[PDB]
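Asks: I'd like to ask some things about the structure below.
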Amino acid sequence: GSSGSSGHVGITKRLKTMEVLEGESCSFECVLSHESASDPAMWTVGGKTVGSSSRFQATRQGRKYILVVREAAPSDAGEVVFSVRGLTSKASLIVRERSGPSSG
């Protein structure tokens with residue numbers, strides 16, 4: 001019949017602000033209108049490339065992505081970005097120095 005598609009794809013769930021305590025683990029969430037399989041996804045936290053790494057394990061679930069961050073530091077805190085097949089997002093990361101008499 002008729003092959004082809006006009007509908008486009010975009011980010012329906014733009015990143016969000018994530019606040020954590022210096023020395024914690026934060027997992028950002030990002031969903032794309034489509035599975036965006038054609039082209040791979042990238043993860044840039046603070047302003048560097050992490051993608052696949054021991055510390056940063058950017059997992060993938062169907063049409064969703066979960067970037068896990070280990071050993072969260074105050075420096076990294078700044079502005080997160082997520083690019084994919086061209087698209088791009090932005091967010092803010094907060095890291096408050098540890099507190100409390102307790103130890104860990």
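Residues are named by chain letter and number: chains run A, B, ... in the order of the structure tokens, numbers start at 1 in each chain, and ligands are numbered from 1 in the order shown.
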Write out as a compact mmCIF listing (two decimals) with C-alpha atoms, in the first residue's frame the residues lying within 8 Å of region 15-26 of chain A, counting only C-alpha atoms and excluding same-chain residues fewer than 6 positions away.
Replies:
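Final file, out21.txt:
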# COMPACT_ATOMS: atom_id res chain seq x y z
CA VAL A 68 23.77 5.47 37.46
CA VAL A 69 26.30 7.73 39.18
CA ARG A 70 28.71 6.44 41.83
CA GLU A 71 30.92 8.43 44.20
CA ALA A 72 28.97 11.64 43.63
CA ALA A 73 31.25 14.63 44.21
CA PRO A 74 30.66 18.39 44.63
CA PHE A 82 21.77 13.99 27.27
CA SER A 89 18.53 17.96 27.02
CA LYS A 90 19.75 19.85 30.10
CA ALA A 91 19.50 19.57 33.88
CA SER A 92 21.06 20.62 37.19
CA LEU A 93 22.86 18.47 39.75
CA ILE A 94 23.18 19.41 43.43
CA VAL A 95 25.70 17.90 45.83
CA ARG A 96 25.65 18.99 49.48
CA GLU A 97 28.68 18.08 51.58
CA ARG A 98 28.01 15.15 53.91
Asks: Taking the DSSP secondary structure from the backbone, can you list the residues of region 39-72 of chain A that are strand (DSSP E or B), as a list in words?
Replies: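 Result set for region 39-72 of chain A (strand (DSSP E or B)): residues 41, 44, 49, 52, 57, 58, 59, 60, 61, 64, 65, 66, 67, 68 and 69 of chain A.
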Asks: Smallest atom-to-atom distance to residue 81 (chain A): which of A:48, A:34, A:55, A:13, using only C-alpha atoms?
Replies: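 When distances to residue 81 (chain A) are compared using only C-alpha atoms, the smallest one comes from A:48.
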Asks: Between A:59, A:75, A:33, A:88, single out the one closest to residue 7 (chain A), counting only C-alpha atoms.
Replies: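 Closest residue, counting only C-alpha atoms: A:33.
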Asks: Excluding residue 42 (chain A) and any residue of its chain fewer than 2 positions from it, enumerate the residues within 7 Å of it, using only C-alpha atoms, and give them as a list in words.
Replies: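 The neighbour list is residues 40, 44, 51, 82, 83 and 84 of chain A.
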Asks: Determine the nearest neighbour of residue 8 (chain A) from the options A:67, A:80, A:32, A:41, counting only C-alpha atoms.
Replies: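 Distance minimum relative to residue 8 (chain A) lands on A:32.
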